[PDB]
Amino acid sequence: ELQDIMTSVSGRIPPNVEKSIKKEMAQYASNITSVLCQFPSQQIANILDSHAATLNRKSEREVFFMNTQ
Amino acid sequence: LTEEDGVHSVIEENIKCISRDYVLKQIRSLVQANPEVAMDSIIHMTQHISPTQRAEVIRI
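Chains D and F, in that order, give the protein sequences. The numbers in PDB author numbering rise by one with no breaks, and the one at position 58 of the first sequence is 955. The numbers in PDB author numbering rise by one with no breaks, and the one at position 13 of the second sequence is 2290.
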C-alpha cells in the first residue's frame, strides 16, 4: 500500500526524500522475513518533517501539505 | 599520553569501565521508566550474540 501510493505519487515529490523512503522500503524488503522487522515510521516522518523544518516558513504548501497529509 | 595506538594504561581502561557503568545505569533508568519494552528492545538486542544468548535463556 505504501508502494501503491508511492506509485501514485511519483510526482509532487522531493526526490531526496523519495530516495530515502524508497531506499528504506527497499530495506523493508531486505529485513522482511526476520522475526524483528518493523517499519521505521517515525524515522521517515521525522525526516519529512526535517523538510517541514525547511519548507514551512512560506505557506507554499497546499499541494505539499496535502501530500504530507 | 605518550602511548597513542600502543600499550594503553589500565587507568584508561578503568575510566572506560566507568563509562560502561554509567551507560549501563542510564539504561537501568530507561527500563525503569518503560519496562514493558524490553522484549522488543531485545529482539534488536538479539541481533548480535544470539545463538549463545539463546543458550543462556533457554537454560532459563
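Idealized CB from N, CA, C, for every residue including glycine.
Checklist entry - Can we say the region 926-939 of chain D touches the region 2290-2298 of chain F, given the rule of at least three CB pairs closer than 8 Å? => result Result no; under three Cβ-Cβ pairs closer than 8 Å.
Checklist entry - Which one of D/899, D/900, D/938 and D/906 has the shortest CA to CA distance from residue 960 of chain D? => result Minimum Cα distance to residue 960 of chain D is reached at D/906.
Next on the checklist: Assess contact between the region 916-925 of chain D and the region 2304-2312 of chain F, defined as three or more Cβ pairs (one per stretch) separated by less than 8 Å. Is contact present?
Outcome noted: Counting C-beta pairs closer than 8 Å gives fewer than three between the region 916-925 of chain D and the region 2304-2312 of chain F, which falls short of the contact rule.
Item to check | Cβ pair count under 8 Å reaching 3, the region 2321-2336 of chain F against the region 938-948 of chain D | outcome: By the Cβ criterion, the region 2321-2336 of chain F is not in contact with the region 938-948 of chain D, since fewer than three pairs of Cβ atoms, one from each stretch, lie closer than 8 Å.
Checklist entry - What's the gap between the Cα of residue 2322 of chain F and the Cα of residue 2316 of chain F? => result C-alpha separation (whole angstroms): 9 Å.
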